[PDB]
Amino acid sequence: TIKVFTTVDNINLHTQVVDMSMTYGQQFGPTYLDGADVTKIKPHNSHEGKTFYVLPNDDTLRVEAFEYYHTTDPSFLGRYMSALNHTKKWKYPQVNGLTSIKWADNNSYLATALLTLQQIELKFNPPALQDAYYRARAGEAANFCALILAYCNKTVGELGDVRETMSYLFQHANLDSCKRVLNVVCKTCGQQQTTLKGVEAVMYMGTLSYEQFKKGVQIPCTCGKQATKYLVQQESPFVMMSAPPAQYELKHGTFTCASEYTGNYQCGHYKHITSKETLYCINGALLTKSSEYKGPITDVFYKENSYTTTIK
């Protein structure tokens, strides 16, 4: 026999005595060593003192897993470990102070999400995401990227959508206090006010322009006439304005960051535009600085705290 540690979270370790004539699977169920599936493997001498991830098979491991990850999905650990074996081999260059990802395995949407997360104020609820985020900001982003893939139900190499990725991650953020109040005005019907909370308070699909949302957008009224919809109140640390990709000018100092999507609905590529002392276009490991930027933009992020309209 040898001594090893089992874990679900790599924080709480459980000392185990393993029979060296039986596989890890027979003693622990599904078992992983640094992302590698060792379920069907017999213990090796050099495994002494090593930490193994295990699928929860008792009340202790199940509570620890839920407290760390905030999911009961029995596939989560397997999907996370499968992703981590790839994301450990990616490169995470510092690009003028932000952790990016060198292009690999169709990861441009994931790199764009990672760059955006470092520029908006967000508190993750699951300790797994809080812990991995801090490592990612320091340049050790493999665990964070593998968690993003697992939470978003994405495989390494799968094409993806930044808006969708941010939406799924926002479900695991403390947006409880985020609030949006909208008004829709029809000259016939009168005025209808809607309040949205949490994730729905920080997302919009149909215009990239925060200023246009504040000024008003024309929408159909079910009476058959056009109504005006405008933002009455916004209480959130940011907003994400999205639209189907279209040519758009990004003006220095008027936004936080943005997603550029080139290509079509079968296959495209993301770049990340950020407003610093000038405009930065981050393309994986590559950085280009320019005084102006026009391209096919699909997401724009703006800083907020509390906005109240002056429209009466």
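Residue indices: 1-based, along the sequence shown.
Q: Output the stretch having the higher mean C-alpha B factor in the entry; the candidates are 35-43 and 257-265.
A: On average, C-alpha B-factors are higher across 35-43.
Q: Please compare 217-225 with 125-133 and name the stretch with the higher mean C-alpha B-factor in the deposited structure.
A: According to the entry, 217-225 carries the higher average C-alpha B-factor.
Q: Per the entry's Cα B factor values, which of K50, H70, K276, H272 stands out as the maximum?
A: Of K50, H70, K276, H272, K50 has the highest C-alpha B-factor.
Q: For the CA B factor values reported in this entry, which option in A243, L250, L286, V63 has the top one?
A: Among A243, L250, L286, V63, the PDB entry lists the largest C-alpha B-factor for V63.
Q: If you rank the chain by CA B-factor, which third does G295 end up in: lowest, middle or highest?
A: Its C-alpha B-factor belongs to the middle third of this chain's values.
Q: Going by what the PDB entry lists, where does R180 fall on CA B-factor within its chain: lowest, middle or highest third?
A: Bottom third by C-alpha B-factor.
Q: Can you work out whether the C-alpha temperature factor of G157 puts it in the lowest, middle or highest third of the chain?
A: It falls in the middle third of the chain.
Q: Classify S209 as lowest, middle or highest third according to the C-alpha B-factor given in the PDB entry, relative to its own chain.
A: Bottom third by C-alpha B-factor.
Q: Per the entry's values, where does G78 land by CA temperature factor relative to the rest of its chain, in the lowest, middle or highest third?
A: Tercile = middle for this residue's CA B-factor.
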